[PDB]
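Here is what each chain is made of, one letter per residue.
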Amino acid sequence: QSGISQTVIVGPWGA
Amino acid sequence: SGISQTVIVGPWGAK
Amino acid sequence: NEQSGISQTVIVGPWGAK
Amino acid sequence: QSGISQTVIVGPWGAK
Amino acid sequence: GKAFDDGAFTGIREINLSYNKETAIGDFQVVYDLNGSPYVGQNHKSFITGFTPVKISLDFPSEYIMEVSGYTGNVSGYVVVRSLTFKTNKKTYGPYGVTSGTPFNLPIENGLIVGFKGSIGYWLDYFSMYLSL
Amino acid sequence: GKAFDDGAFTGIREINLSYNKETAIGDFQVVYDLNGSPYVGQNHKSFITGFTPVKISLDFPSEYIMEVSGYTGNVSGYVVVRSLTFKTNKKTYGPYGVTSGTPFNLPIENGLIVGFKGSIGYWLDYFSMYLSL
Amino acid sequence: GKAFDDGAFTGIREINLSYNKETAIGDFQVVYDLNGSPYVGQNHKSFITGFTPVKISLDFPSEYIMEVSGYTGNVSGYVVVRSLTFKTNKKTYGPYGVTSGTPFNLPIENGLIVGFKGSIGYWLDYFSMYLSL
Amino acid sequence: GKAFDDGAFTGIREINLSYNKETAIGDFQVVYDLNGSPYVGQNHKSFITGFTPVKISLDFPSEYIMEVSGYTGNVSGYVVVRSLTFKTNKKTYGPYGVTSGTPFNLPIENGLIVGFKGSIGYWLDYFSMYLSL
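What the deposited record gives as its method is X-ray crystallography, and the resolution it gives is 1.75 Å.

The structure is reproduced here in structure tokens:
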């Protein structure tokens, strides 16, 4: 694992 | 409370 | 339950004076 | 990224 | 329609639905993963018949859904989900149902779909998805 | 355009964006909540100016966004985010921009938007949202 | 010992464990909540028998565990969990077993225990906990 | 003592604490990571002098804390945190202070420490940690 916290991400919408 | 939560997206469709 | 707009995080502790 | 959900795990206690 | 809520799990192994191009999505059932083991969800059935069956068997855990899209529209006066498409990191399944009506799409950049809820009468009325890391 | 990524915070206090009624969304900036205090986000600006600014000040923490919707479409040959609407548990803000093209909508039943990332050139090219409990 | 890993669930409804006053903790089993319904966890059993069973029935969802503690020490050449105490927001269950050795305590300020993993041979060797909102 | 709560962030870059080899932990401060930028937390100071400072500089993001352990115990009659040790995936920092009293330890199998809160008077009275994926 890395030392960076993660989060759910939805998208992208657009180009 | 004692119930675990989860992110929920929607609904899509009828109201 | 009604949610507020404040994000939540697990917290463990405290260790030390109770 | 795997198709398996994860969660925080603390421990172990008792030994290792 | 009759409401349903499967709840949240560890991931997704297979999706079984049915559809009719003249109308909308009909039946919906999911085999989830629950900590390593297949969890057979309840079959949520349409009140009527005449649908074409579809089975989406995912190569879990290597394969997982990256985007869910579809169309909502009127059928016999009711607003229902007329079409659905499931894209994974390996292949695209769908569309099932005609792609007409109001579109919607949920692409996932980080995270996983871990559960479904909704309502089905003659057709799938509406649905929501549980998301998690 | 120029890509941007604010990352994730603990909530949203204010959104400051700009748009043009004939084209699309322009600048985008967020005042996030970070552990109970305001955190002033970087202002992501269009390669051009001449937009109408809008300030959406939320009654944090009791007021929060429950649905983000809008339209994507062509403007001078490229796809951009043409319109945006933010619906909270108390009020609706928008539509801002041009409501034509392909609609999209992200309703949230449980959880919160805690960050934005995307790209802005002349207009907002695309965007994604961080979701958390 | 034989390693075990229940995985993660929605909450905890009951814990069924056994212990012996002459030694340490033996069998361990959990009845979890899975989306509002009970889910019977695997019973993780000691290589030997003769323990005293105990059932901890929690008033789910209003009652939940806020701190887990106990003692580790040597029993017949094995370093094991000799005692466990579960404190909820309503009351305290335990200590069960022998309260001598090196202490350990996991106090939870925010969040919930949603699963257990570990190893059991003649006695409970070690264990970890899944924590979630 | 005086209470403090840094809050939750994206990770940890450095810890600056002071200790006394005859009493306990004194000053405590942390440089966190906030979406890629260092976030310099405020220095929480002991009410007295005489401590030895130490700088724990982690190689973020490849290096991260896997276990926090130490001792709490009486000093001048009341309970305080007397010693601390920080184990990362690359090496061990400490023990700092006096290793006497009641031990404690928080090993992490999955997840990260993303924040600290507690209280400091003549010495560190107590502390808690924020955990996240």
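Visitor: Please give an account of the overall build of chain E that cites residues and values.
Guide: Each helix and strand in chain E was counted, giving zero helices and eleven strands. When the helices and strands of chain E are placed in sequence order, the string is β-β-β-β-β-β-β-β-β-β-β. Its C-alpha radius of gyration of 14 Å places chain E within 12% of the 14 Å reference for a compact globule of 133 residues. Projected onto the principal axes, the alpha-carbon positions of chain E cover approximately 40 × 25 × 20 Å. Across the 133 residues of chain E, 60% fall into the buried class. In the form shown here, chain E has an accessible surface area of approximately 5500 Å², with 46% of it arising from carbon and sulfur atoms. Taken together, the 10 basic and 11 acidic charged side chains of chain E have centroids lying 3 Å from each other.

Visitor: Now, about the sheet that holds strand 4 (residues 37–40) of chain G: what can you tell me, with residues and values included?
Guide: Residues and elements named next belong to chain G. The strand order across the open sheet built from four strands is 4-3-2-5, with neighbouring strands paired in antiparallel fashion. Here the strands that pair on one side only, and so sit at the sheet edges, are strand 4 and strand 5 (52–57). Direction aside, the axes of adjacent strands within the sheet are offset by 20 degrees on average. Across seven bridges, strand 2 (residues 11–19) lies against strand 3 (residues 25–34) in antiparallel orientation. Looking across to strand 3, one finds that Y19 is bridged to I25.

Visitor: Would you mind going over the arrangement of the chains in detail, with residue names and values included?
Guide: Separated in space, chain A and chain G share no contact, their closest pair of C-alpha atoms being 14 Å apart. The smallest C-alpha distance separating chain B from chain H is 14 Å, and no contact links them.

Visitor: Help me get a handle on the nonpolar core, residues and values and all.
Guide: Counting 138 residues, the largest nonpolar core has E:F86, E:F116, F:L17, G:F86, G:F116 and H:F86 as its most contacted members. Once residues lying within four places of it in the same chain are set aside, the contact partners of F:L17 are F:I25, F:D27, F:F28, F:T52, F:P53, F:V54, F:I56, F:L84, F:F86 and F:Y96.

Visitor: Please provide a residue-by-residue account of the interface of chain F and chain A, values included.
Guide: Interface size is commonly expressed as the accessible surface area that is lost when the partners come together. With 16 residues of chain F at the contact, the number on the chain A side is nine residues. Across the chain F to chain A interface the summed buried area is about 1000 Å²; carbon plus sulfur atoms make up 72%. Joining chain F to chain A, the criterion identifies four residue pairs in polar contact. At the level of elements, strand 7 (78–88), strand 9 (102–110), strand 10 (112–120) and strand 11 (124–132) of chain F are the ones that each hand at least two residues to the side of chain F that touches chain A. Note that strand 1 (residues 8–14) of chain A and strand 11 of chain F share five bridges and pair antiparallel. Counterpart to A:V10 in the pairing with strand 11 of chain F is F:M129.

Visitor: How would you sum up unusual backbone geometry? Please name residues and give values.
Guide: All names here are of chain E. That bond from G94 to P95 is cis: its omega, 0 degrees, falls within 30 degrees of zero. Position of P95 relative to the elements: it lies in strand 8 (residues 92–96). The phi torsion at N35 lies on the positive side, around 55 degrees, for a residue other than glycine. If you trace the backbone, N35 turns up in the loop between strand 3 (25–34) and strand 4 (37–40). For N35, a relative accessible area of 27% translates into the label partly exposed. Within the chain, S76 stands out as a residue other than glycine whose phi angle is a positive 55 degrees. Considering the arrangement of structural elements, one finds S76 in the loop between strand 6 (65–75) and strand 7 (78–88).

Visitor: Can you break down the side chain of G:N105 residue by residue, with the values?
Guide: Position of G:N105 among the secondary structure elements: in strand 9 (residues 102–110). The exposure class of G:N105 is buried, given its relative accessible area of 19%. At 3.1 Å, the side chain of G:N105 and the side chain of G:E67 are in polar contact. In this structure, G:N105 is in contact with C:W15, G:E67, G:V68, G:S69 and H:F104, ignoring residues within four places of it in sequence.

Visitor: For the interface of chain E and chain B, give the residues involved together with the corresponding values.
Guide: In this assembly, 14 residues from chain E lie in contact with nine residues from chain B. Here chain E packs against chain B, burying approximately 1100 Å² in sum over the two surfaces, 72% of which is carbon and sulfur. Our count for the chain E to chain B interface comes out at zero salt bridges. Put simply, chain E and chain B have four residue pairs in polar contact between them. Where the side of chain E that touches chain B is concerned, the elements lending two or more residues are strand 7, strand 9 (102–110) and strand 11 (124–132) of chain E. Among the elements that take part in the side of chain E that touches chain B, strand 11 of chain E stands out by supplying seven residues, more than any other. Residue composition of the side of chain E that touches chain B, by class: eleven nonpolar, two polar and one charged.

Visitor: I'd love a proper account of the pattern of salt bridges, names of residues and values included.
Guide: Under the definition given, this model contains 14 salt bridges over all chains. The closest approach of N and O atoms between E:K117 and F:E109, which form a salt bridge, is 2.9 Å. One end of the pair, E:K117, is in strand 10 (residues 112–120); the other, F:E109, is in strand 9, on a second chain. Taking the relative accessible area as the measure of exposure, E:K117 reaches 17% and is therefore buried. Accessibility expressed as a relative area gives 36% for F:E109, which makes it partly exposed. Where H:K90 meets H:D59, a salt bridge forms, and the shortest distance between an N and an O atom there is 3.3 Å. Taken as a pair, H:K90 in the loop between strand 7 (78–88) and strand 8 (92–97) and H:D59 in the loop between strand 5 (52–57) and strand 6 (65–75) lie far apart in primary sequence, 31 residues in all. Look at H:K90 and you get partly exposed, because its relative accessible area is 48%. Accessibility expressed as a relative area gives 43% for H:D59, which makes it partly exposed.

Visitor: Help me get a handle on the sheet that holds strand 1 (residues 10–16) of chain C, residues and values and all.
Guide: Ordered in space as 8(G)-7(G)-6(G)-9(G)-1(C)-11(H)-10(H)-1(H), the eight strands form an open sheet in which the pairing is antiparallel. Looking at strand neighbours, the two that pair on one side only are strand 8 (92–97) of chain G together with strand 1 (2–5) of chain H, the edges of this open sheet. Each adjacent strand pair in this sheet contributes to an overall mean axis angle of 20 degrees, direction not counted. The sheet contact formed by strand 10 (residues 112–120) of chain H and strand 11 (residues 124–132) of chain H spans eight bridges and is antiparallel. What sits directly across from H:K117, in strand 11 of chain H, is H:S128.

So, how was this worked out
- Residues numbered from 1 in each chain as written, not as in the entry; some residues may be left out.
- Chains lettered and ligands numbered in written order.
- Heavy atoms only, no water.
- Helix = DSSP H or I, 4+ residues; strand = E, 2+ residues; numbered from the N terminus.
- Rg over C-alpha atoms; globule rule 2.2 N^0.38 Å.
- Buried < 20%, exposed > 50% of the residue type's maximum accessible area, 1.4 Å probe, protein only.
- Areas by Shrake-Rupley, 256 points an atom, 1.4 Å probe, with all protein chains shown as cover.
- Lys, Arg positive; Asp, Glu negative; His and termini not counted.
- Charge placed at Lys NZ, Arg CZ, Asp CG, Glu CD.
- Pairing = 2+ DSSP bridges.
- Axes fitted to C-alpha atoms, helices over the stretch in contact; angles between N-to-C directions.
- Contact = heavy atoms within 4.5 Å.
- Core = buried A, V, L, I, M, F, W, Y, C linked by side-chain atoms within 4.5 Å.
- Buried area = accessible area lost by both parts, 1.4 Å probe.
- Polar contact = N/O pair within 3.5 Å; in protein donor to acceptor, adjacent residues only side chain to side chain.
- Salt bridge = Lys/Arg side-chain N within 4 Å of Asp/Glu carboxyl O.
- Nonpolar A, V, L, I, M, F, W, Y, C, P; charged D, E, K, R; others polar.

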